[PDB]
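Source file data08.csv; content: CSV, C-alpha atoms.
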chain,number,residue,atom,x,y,z
A,535,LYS,CA,0.0,0.0,0.0
A,536,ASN,CA,0.9,3.7,-0.8
A,537,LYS,CA,3.6,3.0,-3.4
A,538,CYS,CA,3.6,3.5,-7.2
A,539,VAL,CA,4.1,0.0,-8.5
A,540,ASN,CA,3.2,-2.2,-11.5
A,541,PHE,CA,0.0,-4.2,-11.3
A,542,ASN,CA,-0.9,-7.6,-12.6
A,543,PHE,CA,-4.5,-8.4,-11.5
A,544,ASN,CA,-6.1,-11.5,-13.2
A,545,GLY,CA,-4.3,-10.7,-16.5
A,546,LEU,CA,-5.1,-7.0,-16.4
A,547,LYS,CA,-2.2,-4.5,-16.0
A,548,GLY,CA,-1.8,-1.1,-14.6
A,549,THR,CA,0.3,1.3,-12.6
A,550,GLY,CA,-0.8,3.2,-9.5
A,551,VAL,CA,-1.3,3.1,-5.7
A,552,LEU,CA,-3.7,1.2,-3.5
A,553,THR,CA,-6.0,3.1,-1.1
A,554,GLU,CA,-9.0,1.9,0.9
A,555,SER,CA,-12.4,2.1,-0.8
A,556,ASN,CA,-15.3,3.4,1.3
A,557,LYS,CA,-18.0,3.0,-1.3
A,558,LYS,CA,-20.6,0.2,-1.1
A,559,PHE,CA,-20.0,-2.4,-3.8
A,560,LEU,CA,-21.7,-5.6,-5.0
A,561,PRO,CA,-20.4,-8.8,-3.4
A,562,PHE,CA,-20.4,-10.6,-6.8
A,563,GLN,CA,-18.4,-7.8,-8.4
A,564,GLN,CA,-15.0,-8.6,-9.9
A,565,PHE,CA,-14.0,-5.1,-11.0
A,566,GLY,CA,-15.3,-1.7,-11.9
A,567,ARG,CA,-14.4,1.1,-14.3
A,568,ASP,CA,-14.3,4.9,-14.7
A,569,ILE,CA,-15.5,7.7,-17.0
A,570,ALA,CA,-13.5,6.4,-19.8
A,571,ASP,CA,-12.9,2.8,-20.3
A,572,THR,CA,-10.4,2.8,-17.5
A,573,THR,CA,-10.2,1.2,-14.1
A,574,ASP,CA,-10.5,2.1,-10.4
A,575,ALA,CA,-11.5,-1.0,-8.3
A,576,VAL,CA,-10.1,-4.5,-8.3
A,577,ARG,CA,-10.9,-7.5,-6.0
A,578,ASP,CA,-8.2,-9.6,-4.4
A,579,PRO,CA,-9.5,-13.2,-4.8
A,580,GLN,CA,-7.5,-14.9,-2.0
A,581,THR,CA,-8.7,-12.5,0.8
A,582,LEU,CA,-11.6,-10.2,-0.1
B,14,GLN,CA,-51.1,-37.6,-16.1
B,15,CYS,CA,-53.2,-37.9,-19.3
B,16,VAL,CA,-56.5,-37.1,-17.5
B,17,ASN,CA,-57.4,-33.4,-17.7
B,18,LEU,CA,-58.7,-32.0,-14.5
B,19,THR,CA,-61.1,-29.1,-13.7
B,20,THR,CA,-58.4,-26.4,-13.8
B,21,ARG,CA,-57.4,-27.2,-17.5
B,22,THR,CA,-59.7,-25.1,-19.7
B,23,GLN,CA,-59.5,-22.5,-22.5
B,24,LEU,CA,-59.3,-18.9,-21.2
B,25,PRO,CA,-58.7,-15.6,-22.8
B,26,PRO,CA,-55.4,-13.6,-22.6
B,27,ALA,CA,-56.2,-10.5,-20.5
B,28,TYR,CA,-53.5,-7.9,-20.3
B,29,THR,CA,-52.2,-5.0,-18.2
B,30,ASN,CA,-49.5,-2.3,-18.5
B,31,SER,CA,-46.2,-1.5,-16.9
B,32,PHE,CA,-44.2,1.8,-16.6
B,33,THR,CA,-41.2,1.8,-14.2
B,34,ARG,CA,-40.2,-1.8,-13.8
B,35,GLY,CA,-38.0,-4.1,-15.9
B,36,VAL,CA,-34.6,-2.4,-15.4
B,37,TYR,CA,-31.6,-4.5,-14.4
B,38,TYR,CA,-27.8,-4.2,-14.2
B,39,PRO,CA,-26.4,-5.1,-17.6
B,40,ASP,CA,-23.0,-5.8,-16.2
B,41,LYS,CA,-21.1,-5.9,-12.9
B,42,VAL,CA,-19.1,-2.7,-13.8
B,43,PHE,CA,-19.4,0.0,-11.2
B,44,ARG,CA,-19.9,3.5,-12.6
B,45,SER,CA,-20.5,6.5,-10.4
B,46,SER,CA,-22.7,9.6,-11.1
B,47,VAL,CA,-22.6,9.2,-14.9
B,48,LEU,CA,-25.2,8.3,-17.6
B,49,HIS,CA,-24.3,5.0,-19.3
B,50,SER,CA,-25.7,4.0,-22.7
B,51,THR,CA,-25.8,0.3,-23.5
B,52,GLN,CA,-27.7,-2.0,-25.8
B,53,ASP,CA,-29.2,-5.3,-24.4
B,54,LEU,CA,-32.5,-7.1,-24.4
B,55,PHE,CA,-34.8,-5.0,-22.2
B,56,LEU,CA,-38.4,-4.7,-21.2
B,57,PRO,CA,-39.7,-1.7,-23.2
B,58,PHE,CA,-41.4,1.2,-21.6
B,59,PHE,CA,-45.1,1.6,-22.5
B,60,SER,CA,-45.7,-2.1,-23.4
B,61,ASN,CA,-48.4,-4.7,-23.1
B,62,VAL,CA,-47.8,-7.5,-20.6
B,63,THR,CA,-50.2,-10.5,-20.3
B,64,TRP,CA,-51.9,-10.6,-17.0
B,65,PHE,CA,-52.5,-13.9,-15.2
B,66,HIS,CA,-54.6,-14.8,-12.2
B,67,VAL,CA,-55.6,-17.8,-10.1
B,68,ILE,CA,-58.5,-17.9,-7.6
B,77,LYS,CA,-61.5,-23.1,-10.0
B,78,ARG,CA,-59.2,-22.1,-12.8
B,79,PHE,CA,-55.5,-21.6,-13.4
B,80,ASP,CA,-53.5,-19.8,-16.2
B,81,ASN,CA,-50.8,-21.9,-17.8
B,82,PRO,CA,-50.5,-21.3,-21.6
B,83,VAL,CA,-47.6,-22.6,-23.5
B,84,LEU,CA,-45.6,-19.5,-24.2
B,85,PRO,CA,-42.6,-19.2,-26.7
B,86,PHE,CA,-39.2,-18.2,-25.3
B,87,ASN,CA,-38.0,-16.2,-28.3
B,88,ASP,CA,-39.5,-12.8,-27.4
B,89,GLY,CA,-37.8,-13.0,-24.0
B,90,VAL,CA,-38.9,-13.7,-20.4
B,91,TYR,CA,-39.9,-11.0,-17.9
B,92,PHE,CA,-41.4,-12.3,-14.7
B,93,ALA,CA,-43.0,-10.4,-11.9
B,94,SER,CA,-45.3,-11.7,-9.1
B,95,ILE,CA,-47.2,-10.2,-6.2
B,96,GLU,CA,-47.9,-13.0,-3.7
B,97,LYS,CA,-48.1,-13.8,0.0
B,98,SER,CA,-47.2,-17.4,0.6
B,99,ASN,CA,-45.0,-18.0,-2.6
B,100,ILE,CA,-47.3,-20.1,-4.7
B,101,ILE,CA,-45.0,-20.4,-7.8
B,102,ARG,CA,-42.4,-23.2,-7.3
B,103,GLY,CA,-40.5,-22.7,-10.5
B,104,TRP,CA,-40.7,-23.2,-14.3
B,105,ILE,CA,-40.4,-25.8,-17.1
B,106,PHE,CA,-37.9,-24.9,-19.8
B,107,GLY,CA,-37.8,-27.1,-22.9
B,108,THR,CA,-38.1,-27.3,-26.6
B,109,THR,CA,-40.2,-30.2,-27.8
B,110,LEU,CA,-41.4,-30.9,-24.1
B,111,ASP,CA,-40.7,-34.6,-24.0
B,112,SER,CA,-37.9,-37.1,-23.2
B,113,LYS,CA,-36.3,-36.8,-26.7
B,114,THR,CA,-34.3,-33.7,-25.7
B,115,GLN,CA,-32.9,-32.0,-22.6
B,116,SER,CA,-35.1,-29.9,-20.4
B,117,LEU,CA,-34.5,-27.5,-17.5
B,118,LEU,CA,-36.6,-27.6,-14.3
B,119,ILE,CA,-36.4,-25.4,-11.2
B,120,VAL,CA,-37.7,-26.8,-7.9
B,121,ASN,CA,-38.0,-24.5,-4.9
B,122,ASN,CA,-39.0,-26.3,-1.7
B,123,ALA,CA,-37.8,-23.2,0.3
B,124,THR,CA,-34.8,-25.0,1.6
B,125,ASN,CA,-32.4,-25.4,-1.3
B,126,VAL,CA,-33.3,-24.7,-4.9
B,127,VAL,CA,-32.7,-27.8,-7.1
B,128,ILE,CA,-31.7,-26.9,-10.6
B,129,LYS,CA,-31.2,-29.9,-13.0
B,130,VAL,CA,-31.1,-30.4,-16.7
B,131,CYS,CA,-32.3,-33.9,-17.5
B,132,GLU,CA,-34.7,-35.9,-19.7
B,133,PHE,CA,-38.2,-35.7,-18.3
B,134,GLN,CA,-41.8,-36.6,-19.3
B,135,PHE,CA,-44.2,-33.6,-19.2
B,136,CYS,CA,-47.9,-33.2,-18.8
B,137,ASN,CA,-50.0,-30.2,-19.8
B,138,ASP,CA,-50.5,-28.6,-16.3
B,139,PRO,CA,-48.3,-30.4,-13.7
B,140,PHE,CA,-49.3,-30.2,-10.1
B,141,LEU,CA,-47.5,-30.0,-6.7
B,142,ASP,CA,-49.0,-30.9,-3.3
B,153,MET,CA,-44.6,-31.5,-0.1
B,154,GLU,CA,-44.0,-32.2,-3.8
B,155,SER,CA,-45.3,-34.7,-6.3
B,156,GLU,CA,-43.3,-36.1,-9.2
B,157,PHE,CA,-44.6,-37.2,-11.3
B,158,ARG,CA,-47.1,-35.5,-12.4
B,159,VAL,CA,-44.1,-33.2,-13.0
B,160,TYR,CA,-42.1,-36.1,-14.3
B,161,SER,CA,-42.7,-39.8,-14.1
B,162,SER,CA,-39.2,-41.1,-14.8
B,163,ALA,CA,-35.8,-39.8,-15.9
B,164,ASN,CA,-32.4,-41.0,-17.2
B,165,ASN,CA,-29.3,-39.9,-19.1
B,166,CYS,CA,-28.1,-36.8,-17.4
B,167,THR,CA,-24.7,-35.9,-15.8
B,168,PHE,CA,-25.7,-32.4,-14.7
B,169,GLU,CA,-26.5,-31.6,-11.1
B,170,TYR,CA,-26.4,-28.2,-9.4
B,171,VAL,CA,-26.6,-27.4,-5.7
B,172,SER,CA,-27.5,-23.8,-4.7
B,173,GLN,CA,-27.1,-22.0,-1.4
B,174,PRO,CA,-29.4,-23.1,1.5
B,175,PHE,CA,-32.0,-20.7,3.0
B,176,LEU,CA,-35.3,-20.6,4.9
B,177,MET,CA,-38.6,-19.2,3.8
B,178,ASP,CA,-42.2,-19.4,5.0
B,179,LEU,CA,-44.6,-21.2,2.7
B,180,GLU,CA,-47.6,-20.8,5.1
B,181,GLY,CA,-50.3,-18.2,4.5
B,182,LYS,CA,-50.2,-14.7,5.8
B,183,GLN,CA,-52.6,-11.8,6.3
B,184,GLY,CA,-52.4,-8.0,5.8
B,185,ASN,CA,-50.5,-6.4,2.9
B,186,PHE,CA,-48.8,-8.3,0.2
B,187,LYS,CA,-45.3,-9.0,1.5
B,188,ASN,CA,-43.5,-10.7,-1.4
B,189,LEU,CA,-42.5,-9.3,-4.8
B,190,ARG,CA,-40.3,-11.5,-6.9
B,191,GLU,CA,-39.0,-10.0,-10.2
B,192,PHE,CA,-37.0,-12.3,-12.5
B,193,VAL,CA,-35.5,-11.7,-15.9
B,194,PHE,CA,-34.6,-14.9,-17.8
B,195,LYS,CA,-32.7,-14.8,-21.1
B,196,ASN,CA,-30.3,-16.9,-23.2
B,197,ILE,CA,-27.3,-15.2,-24.8
B,198,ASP,CA,-24.7,-17.5,-26.4
B,199,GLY,CA,-25.7,-20.5,-24.4
B,200,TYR,CA,-25.6,-18.7,-21.0
B,201,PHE,CA,-28.6,-18.7,-18.7
B,202,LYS,CA,-28.7,-15.8,-16.2
B,203,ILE,CA,-31.0,-15.1,-13.2
B,204,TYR,CA,-31.7,-11.5,-12.2
B,205,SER,CA,-33.1,-11.5,-8.7
B,206,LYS,CA,-34.7,-8.6,-6.8
B,207,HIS,CA,-37.0,-8.9,-3.7
B,208,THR,CA,-38.6,-5.9,-2.0
B,209,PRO,CA,-41.8,-5.3,0.0
B,210,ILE,CA,-44.6,-3.5,-1.6
B,215,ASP,CA,-53.4,-5.7,-9.7
B,216,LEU,CA,-51.6,-2.6,-10.7
B,217,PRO,CA,-48.2,-2.2,-8.9
B,218,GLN,CA,-45.9,0.8,-8.9
B,219,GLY,CA,-42.4,1.8,-7.9
B,220,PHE,CA,-39.0,1.7,-9.5
B,221,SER,CA,-36.3,-0.8,-8.6
B,222,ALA,CA,-33.0,-2.2,-9.9
B,223,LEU,CA,-32.5,-6.0,-10.3
B,224,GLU,CA,-29.3,-7.8,-9.2
B,225,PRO,CA,-27.8,-11.0,-10.8
B,226,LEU,CA,-27.8,-14.2,-8.8
B,227,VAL,CA,-27.1,-17.5,-10.7
B,228,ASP,CA,-25.2,-17.9,-14.0
B,229,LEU,CA,-25.1,-21.4,-15.4
B,230,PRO,CA,-23.4,-22.1,-18.8
B,231,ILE,CA,-25.9,-24.8,-19.8
B,232,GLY,CA,-26.0,-24.2,-23.5
B,233,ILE,CA,-29.3,-25.7,-24.7
B,234,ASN,CA,-32.0,-24.6,-27.1
B,235,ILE,CA,-35.1,-23.5,-25.2
B,236,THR,CA,-38.0,-22.5,-27.6
B,237,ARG,CA,-40.9,-22.5,-25.1
B,238,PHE,CA,-41.7,-22.3,-21.4
B,239,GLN,CA,-44.4,-23.3,-18.9
B,240,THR,CA,-45.1,-22.6,-15.2
B,241,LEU,CA,-45.7,-24.6,-12.0
B,242,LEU,CA,-48.4,-24.6,-9.3
B,243,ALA,CA,-48.5,-25.7,-5.7
B,244,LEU,CA,-51.8,-26.9,-4.3
B,245,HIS,CA,-53.3,-27.4,-0.8
B,246,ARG,CA,-56.0,-29.5,0.8
B,247,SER,CA,-58.0,-28.8,4.0
B,255,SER,CA,-56.8,-36.1,-7.7
B,256,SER,CA,-59.3,-33.2,-7.9
B,257,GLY,CA,-59.6,-32.7,-4.1
B,258,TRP,CA,-56.5,-30.5,-4.0
B,259,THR,CA,-57.6,-26.8,-3.9
B,260,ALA,CA,-55.6,-24.0,-5.5
B,261,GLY,CA,-55.0,-20.7,-3.7
B,262,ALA,CA,-55.1,-17.1,-4.7
B,263,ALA,CA,-52.2,-15.5,-6.5
B,264,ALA,CA,-51.4,-13.2,-9.4
B,265,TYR,CA,-48.4,-12.7,-11.8
B,266,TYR,CA,-47.7,-11.7,-15.4
B,267,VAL,CA,-45.2,-12.7,-18.1
B,268,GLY,CA,-43.5,-10.0,-20.2
B,269,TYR,CA,-41.4,-10.0,-23.3
B,270,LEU,CA,-38.0,-8.3,-24.2
B,271,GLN,CA,-36.9,-6.2,-27.1
B,272,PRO,CA,-33.4,-5.0,-28.2
B,273,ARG,CA,-33.4,-1.3,-27.0
B,274,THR,CA,-31.2,1.3,-25.5
B,275,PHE,CA,-31.6,2.7,-22.0
B,276,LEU,CA,-29.8,5.6,-20.1
B,277,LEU,CA,-29.0,4.5,-16.6
B,278,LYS,CA,-28.7,7.1,-13.8
B,279,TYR,CA,-26.2,6.1,-11.1
B,280,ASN,CA,-26.1,7.6,-7.6
B,281,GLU,CA,-23.1,7.7,-5.3
B,282,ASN,CA,-24.0,4.2,-4.0
B,283,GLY,CA,-24.1,2.6,-7.4
B,284,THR,CA,-27.8,2.0,-7.8
B,285,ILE,CA,-30.2,2.9,-10.6
B,286,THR,CA,-32.6,5.7,-9.5
B,287,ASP,CA,-33.9,6.6,-13.0
B,288,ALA,CA,-34.1,5.0,-16.4
B,289,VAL,CA,-34.7,6.9,-19.7
B,290,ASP,CA,-35.5,5.0,-22.9
B,291,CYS,CA,-33.7,6.3,-26.0
B,292,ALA,CA,-36.5,5.8,-28.5
B,293,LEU,CA,-40.1,5.7,-27.2
Represent the structure of the file as structure tokens.
Amino acid sequence: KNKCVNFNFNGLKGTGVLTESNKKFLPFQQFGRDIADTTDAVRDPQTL
Amino acid sequence: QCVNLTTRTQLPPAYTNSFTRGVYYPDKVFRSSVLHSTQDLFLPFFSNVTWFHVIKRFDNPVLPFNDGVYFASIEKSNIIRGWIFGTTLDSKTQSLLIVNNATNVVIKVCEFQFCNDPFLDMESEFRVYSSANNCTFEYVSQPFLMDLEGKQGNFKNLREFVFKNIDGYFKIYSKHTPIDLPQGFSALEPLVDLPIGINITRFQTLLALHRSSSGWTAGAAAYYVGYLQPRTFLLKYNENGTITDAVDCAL
């Protein structure tokens, strides 16, 4: 947490930092996107 | 089995209208405070849905699948136990059956023998099916507890299901909220996705009976079956990620 690093999450790639999400999300949700076709939220499959 | 009872008769297709309802999440993608435009099979705004009722008679026509399935039901004691999903409606092909005993929902694809209007008491099979063979597919859902006994007062159960088949994938969109002409706007959530991959051209319904062959007396319930149509909606998302408003593109 709180470091700019490379991401590999389930085949998807990105670069950024990890902060705690306070928004209420679906329990069946794998990921979510932004205003473009770009990411914000990922799910860690081992520990949720 | 082959003997038609009192509740099997020819009745006319009375209809009703719907305005707000029929809006589901097209995907699991979270979008916040934006208007998303997507194209999927949707229930159209200002449409005609076919109204069904049961009081000495029961409505079970054989309805084709290919215009889509929209289900909504306003009930007390949860009369509808599931559906029959098939093509030629015999043992020559595969058929899907949903059995809800209000413990664990049994979902199987197997070769069954079908009647015109199958009955349920506990459960009775057959009339639903007499015998079965040649299936490797079994599915076990999550256990729960519901009340099948009768209740009083206001109508406490609203079950809204959207059933569709896209590229051999069967999806169940489930929403339950407390509530002949309903109102209110809601957003449906997905539940069970099974990649079965069968051709379903027609569908039927199921009925649970009670007794204080023909001595089993049906209860009082109402539901309606809608159709879908490739359209475009605009979905209004809040900060919590729910749909508070839906605007059709062309109506």
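Residues from chain B found within 7 Å of chain A are residues 41, 42, 43, 44 and 282 of chain B, counting all atoms listed in the file.
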ask   = Near residue 537 in chain A, within 9 Å and counting all atoms listed in the file, which residues show up once chain neighbours fewer than 5 positions away are dropped, as a ChimeraX atom specification?
value = /A:550-552
Point-to-point distance in Å for CA of residue 286 in chain B and CA of residue 97 in chain B = 26.7 Å
ask   = So how far away is CA of residue 218 in chain B from CA of residue 106 in chain B, in Å?
value =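 Result for CA of residue 106 in chain B versus CA of residue 218 in chain B: 29.0 Å, one decimal.
Interatomic distance, CA of residue 570 in chain A to CA of residue 36 in chain B: 23.3 Å.
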Could you list, as a PDB file with C-alpha atoms, in the coordinates of the input, every residue within 9 Å of residue 126 in chain B, counting all atoms listed in the file and ignoring same-chain residues fewer than 2 positions away?
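This went into selection_33.pdb:
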ATOM      1  CA  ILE B 119     -36.400 -25.400 -11.200  1.00  0.00           C
ATOM      2  CA  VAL B 120     -37.700 -26.800  -7.900  1.00  0.00           C
ATOM      3  CA  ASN B 121     -38.000 -24.500  -4.900  1.00  0.00           C
ATOM      4  CA  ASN B 122     -39.000 -26.300  -1.700  1.00  0.00           C
ATOM      5  CA  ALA B 123     -37.800 -23.200   0.300  1.00  0.00           C
ATOM      6  CA  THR B 124     -34.800 -25.000   1.600  1.00  0.00           C
ATOM      7  CA  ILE B 128     -31.700 -26.900 -10.600  1.00  0.00           C
ATOM      8  CA  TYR B 170     -26.400 -28.200  -9.400  1.00  0.00           C
ATOM      9  CA  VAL B 171     -26.600 -27.400  -5.700  1.00  0.00           C
ATOM     10  CA  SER B 172     -27.500 -23.800  -4.700  1.00  0.00           C
ATOM     11  CA  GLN B 173     -27.100 -22.000  -1.400  1.00  0.00           C
ATOM     12  CA  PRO B 174     -29.400 -23.100   1.500  1.00  0.00           C
ATOM     13  CA  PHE B 175     -32.000 -20.700   3.000  1.00  0.00           C
TER      14      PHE B 175
END
task = Might you pull out every residue within 7 Å of range 260-270 of chain B, with all atoms listed in the file counted and same-chain residues fewer than 6 positions away left off, and present them as number ranges by chain?
result = B: 54-57, 62-68, 88-96, 100, 244-245
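Around residue 543 in chain A, within 9 Å and counting all atoms listed in the file, the residues found are residues 576, 577 and 578 of chain A, once anything fewer than 6 positions away on its own chain is removed.
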task = Excluding range 220-229 of chain B and residues on its chain fewer than 3 positions from it, collect all residues at most 6 Å away from it, counting only C-alpha atoms, and give them as a list in words.
result = residues 33, 34, 36, 37, 201, 202, 203, 204, 205, 206 and 285 of chain B
Find the residues with any atom within 10 Å of (-25.6, 8.4, -14.4); use all atoms listed in the file and the coordinates as given in the file, and write the answer as an mmCIF file with C-alpha atoms, in the coordinates of the input.
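point12.cif, freshly written:
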data_model
loop_
_atom_site.group_PDB
_atom_site.id
_atom_site.type_symbol
_atom_site.label_atom_id
_atom_site.label_comp_id
_atom_site.auth_asym_id
_atom_site.auth_seq_id
_atom_site.Cartn_x
_atom_site.Cartn_y
_atom_site.Cartn_z
ATOM 1 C CA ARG B 44 -19.900 3.500 -12.600
ATOM 2 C CA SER B 45 -20.500 6.500 -10.400
ATOM 3 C CA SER B 46 -22.700 9.600 -11.100
ATOM 4 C CA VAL B 47 -22.600 9.200 -14.900
ATOM 5 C CA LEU B 48 -25.200 8.300 -17.600
ATOM 6 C CA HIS B 49 -24.300 5.000 -19.300
ATOM 7 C CA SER B 50 -25.700 4.000 -22.700
ATOM 8 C CA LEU B 276 -29.800 5.600 -20.100
ATOM 9 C CA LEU B 277 -29.000 4.500 -16.600
ATOM 10 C CA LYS B 278 -28.700 7.100 -13.800
ATOM 11 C CA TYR B 279 -26.200 6.100 -11.100
ATOM 12 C CA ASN B 280 -26.100 7.600 -7.600
ATOM 13 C CA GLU B 281 -23.100 7.700 -5.300
ATOM 14 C CA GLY B 283 -24.100 2.600 -7.400
ATOM 15 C CA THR B 284 -27.800 2.000 -7.800
ATOM 16 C CA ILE B 285 -30.200 2.900 -10.600
ATOM 17 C CA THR B 286 -32.600 5.700 -9.500
ATOM 18 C CA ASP B 287 -33.900 6.600 -13.000
ATOM 19 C CA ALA B 288 -34.100 5.000 -16.400
#
key: Distance query 10 Å from (-44.9, -28.0, -5.7) using all atoms listed in the file, result as a PyMOL selection string   = chain B and resi 100-103+120-122+139-142+153-156+159+241-245
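Among the candidates B:117, B:133, B:20, B:209, the one nearest to residue 186 in chain B when counting only C-alpha atoms is B:209.
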